[PDB]
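Report on the structure given below.
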Amino acid sequence: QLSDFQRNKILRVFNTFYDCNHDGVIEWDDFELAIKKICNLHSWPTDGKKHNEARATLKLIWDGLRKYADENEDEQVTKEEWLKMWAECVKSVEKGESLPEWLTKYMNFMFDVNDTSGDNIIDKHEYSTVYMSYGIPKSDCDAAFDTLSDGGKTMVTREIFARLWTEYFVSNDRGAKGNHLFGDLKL
Ligand SMILES: [Ca+2]
Ligand SMILES: [Ca+2]
Ligand SMILES: [Ca+2]
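Structure representation (structure tokens):
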């Protein structure tokens, strides 16, 4: 099974990042709210291009996640269904396999949502602008970002972000840089 460390990293992403309306389950409703929060954050127009593409990509993510995790087909994913699914993805990745396509889509969507300047690099102000809207404090965004970029030695490109992403969800190493991808963790 998942270690405490892995389980707790996985539950945080559930509670802090996927369950937008904080009712304790993930549903299409949570994706609709995520889109409005991003529109408000970055001032995107409703039914404009950015808005429409985000909606189309989020449907595909929700569809993948529902197919993977929604055991009882009630169109809602509970924390139990999430962890049940995650325990398999982690073993799966450990046996040389990919992470699910919906999860890779969500990783690329988030990189895009961070990199507002479109230069293929997340900078520290862009990183804190997104993560703060999820309730991550400024000091924990800056500490995470110092770790993720090696104190500015490493440019946090799409590919670097991708590798750090996989590390967050699957690593049981308390030293892995990707542990901090969603805000500084005290370990
Ligand atoms: Ca919810
Ligand atoms: Ca369900
Ligand atoms: Ca940028």
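Taking the deposited numbering, the leading residue of the sequence shown gets 5, the next gets one more, and so forth. Where is the CB? At the ideal position from N, CA and C, for every residue including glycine.
By Cβ distance below 8 Å, which residues in the same chain neighbour residue i in space, the five residues on each side in sequence not counted?
i	result
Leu64	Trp106 and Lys109
Check the C-beta distance from residue i over to residue j and give it rounded, since I have them as a contact under 8 Å.
i	j	result
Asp146	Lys128	7 Å
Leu37	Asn25	5 Å
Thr120	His184	With a Cβ gap of about 21 Å, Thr120 and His184 do not count as contacting.
residue 3	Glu85	With the chain running from 5 to 191 in the structure shown, residue 3 is simply not present.
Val174	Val94	5 Å
In chain order, what residues of the same chain lie with their CB nearer than 7 Å to the CB of residue i, ignoring the 5 residues before and after it?
i	result
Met111	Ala166 and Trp169
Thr61	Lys109 and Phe113
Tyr22	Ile30 and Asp34
Suppose contacts are defined by Cβ-Cβ distances below 8 Å. Is residue i in contact with residue j by that definition?
i	j	result
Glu171	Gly179	no
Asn176	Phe18	no
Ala73	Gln5	no
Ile39	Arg70	no
Residue i: which of the options sits nearest, CA to CA?
i	options	result
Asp123	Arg162, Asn76 and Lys99	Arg162
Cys43	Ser137, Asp150, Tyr72 and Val17	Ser137
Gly187	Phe149, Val174 and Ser175	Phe149
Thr158	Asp74, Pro141, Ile126 and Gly68	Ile126
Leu152	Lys40, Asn76, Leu189 and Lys71	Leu189
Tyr135	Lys71, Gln5 and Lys41	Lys41
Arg11	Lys88, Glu57 and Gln80	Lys88
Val81	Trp32, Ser102 and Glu57	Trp32
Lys83	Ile140, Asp27, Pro141 and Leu191	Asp27
Given residue i, which residues of its chain have a CB within under 6 Å of its CB, disregarding the five upstream and five downstream residues?
i	result
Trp48	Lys54 and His55
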